[PDB]
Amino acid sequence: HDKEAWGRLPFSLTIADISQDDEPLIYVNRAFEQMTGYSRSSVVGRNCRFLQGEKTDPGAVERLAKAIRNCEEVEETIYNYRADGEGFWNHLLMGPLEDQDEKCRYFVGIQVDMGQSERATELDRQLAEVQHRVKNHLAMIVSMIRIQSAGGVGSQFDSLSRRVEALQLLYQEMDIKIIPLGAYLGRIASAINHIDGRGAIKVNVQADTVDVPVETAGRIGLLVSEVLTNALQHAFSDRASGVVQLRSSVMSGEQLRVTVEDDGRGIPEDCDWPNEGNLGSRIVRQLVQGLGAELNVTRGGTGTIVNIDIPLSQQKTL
């Protein structure tokens, strides 16, 4: 139901505790289960090297081993084997996760199933850039938080996994100024509402047709994800009904305005979001800064209006 939904995603993510004997996996996501044929229950507590076998290149393995020992980032395309014995090429990107405390205790790796073959396009590099965006975005999130130390541990990592959602959706659009933002936002809103909402919540989407670069899209997607999620989660706490609206309008000078509007409960007056808040508010401010954008908010029992102004003209310069 959600297993298949969450699983169809192209990124696969794992986290290992390299401080523990034999560097056991402590977390894997649904994509990993689908890709490898192993259940999460089966895999946690074991070193990920069970995916390797006959055709696995020792050179690549050594480089992974060296990277872990040197607390370094590494990227290899490696031959791996699923639970049913099926071989596949795995494009692996990994390196130290960086806690609040230690900078090298935990490692994260991402896996992209590249199918079978027994090469580099121009799509390949665009795809690879995304896997860096994923890892990179994950790192910023992690460094703010404090990795706790089974199910509750998984919830700390289920949340992380959830935010990379804009980027997994982006990879899919990419597989098919090159990103159709309106189309992309439509899939973002649907996914979010699918996860974070239900029945009595109406989600409207009004996007102009415009193509933008990948980096801009990935950034925008994550920005909108945070803010749109906030709407469905918070705006109707004490409310029986509501409406959320996402807009994306191209204005003059290639200035793009992205809006998220509630009619719900309103942001508390003491709280000056996103300057004040939880991890989300911090995420939003970073993404806003990387975009060179401006965010504004208007409060009250008539609802919450969020507006992000993004300069598509200055992206080249940036």
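Throughout, we count residues from 1 along the sequence that is shown.
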Report task. For the stretch from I176 to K177, please bin the deposited residues that the model skips: none, 1 to 3, 4 to 9, or 10 or more. Result -> 4 to 9
Query - Between neighbours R239 and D238, residues that the deposited sequence lists but the model omits - result: none
Report summary line: Higher of the two mean Cα B-factors (300-308, 18-26; per PDB record) comes from 300-308
Report summary line: Looking only at C-alpha temperature factors in the entry, 48-56 or 264-272, the higher average sits in 264-272
Query raised in the report: Which one of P213, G87, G154, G95 shows the biggest C-alpha B-factor in the PDB entry?
Result: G154
Query raised in the report: Quick one: which of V43, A293, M251, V61 has the biggest Cα B-factor according to the entry?
Result: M251
Query raised in the report: According to the PDB entry, is the CA B factor of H91 in the bottom, middle or top third of its chain, that is, lowest, middle or highest?
Result: lowest
Report task. Taking the chain's C-alpha temperature factors as the reference, tell me which third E129 falls into: lowest, middle or highest. Result -> middle
Query raised in the report: Lowest, middle or highest third: where is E118 by Cα B-factor in its chain?
Result: highest
Query raised in the report: Where does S143 sit by CA temperature factor within its chain: lowest, middle or highest third?
Result: lowest
Query raised in the report: Relative to the other modelled residues in the chain, which third contains the C-alpha temperature factor of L181: lowest, middle or highest?
Result: middle
